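All residue numbers for the sequence shown refer to PDB author numbering, where the first residue is -1 and numbers rise by one. Cβ atoms here follow ideal geometry from the backbone N, Cα and C, with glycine treated the same way.
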Amino acid sequence: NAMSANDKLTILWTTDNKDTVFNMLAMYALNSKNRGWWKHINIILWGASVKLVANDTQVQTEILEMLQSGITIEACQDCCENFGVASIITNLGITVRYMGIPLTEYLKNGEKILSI
């Protein structure tokens, strides 16, 4: 059946704790992608994290490196619109879309999801 069933990691990134963002989340995602530990890595920006990414240039630098490595990053469009940052987030190369259906599907499909 499925040809990639154990090859994708999803991270639900809600935290705005910079220590955890830099030293756990970005470091593991980048190394995983670059070394082939995970063939596919998707990061969902939803919650306090959306404000952090919009406002913090050091975090933006990490976002750009992650995107360059082939990690996909999508942000909750409701959050982006409520916080007034959709243009900023889109301009970083992050996909902005309504996230309710996607998250539901990821969970229903039995994805491996680290909720940070």
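Limits of the unbroken beta strand (DSSP E) element including residue i
i: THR70; result: 70 to 74
i: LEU90; result: Run containing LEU90: none; DSSP gives neither H nor E here.
i: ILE111; result: 110 to 113
Which listed residue (the options) has its alpha carbon closest to that of residue i
i: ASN21; options: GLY34, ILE41, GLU60; result: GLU60
i: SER30; options: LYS110, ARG95, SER67; result: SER67
Residue burial classification, residue i (beta-carbon count within 10 angstroms, cutoff 16)
i: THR18; result: exposed
i: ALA73; result: buried
i: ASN80; result: exposed
i: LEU62; result: exposed
Residue range of the unbroken alpha helix (DSSP H) whose run includes residue i
i: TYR104; result: 98 to 106
List in chain order: all unbroken alpha helix (DSSP H) runs of 4+ residues lying wholly within the stretch -1 to 62.
Listed in chain order, the complete alpha helix (DSSP H) runs (minimum 4 residues) inside the stretch -1 to 62 are 25 to 33, 46 to 53.
Are at least three pairs of beta-carbons, each pair with one atom in the stretch 75 to 94 and one in the stretch 26 to 40, less than 8 Å apart?
The stretch 75 to 94, when compared against the stretch 26 to 40, does not touch it at the 8 Å Cβ threshold.
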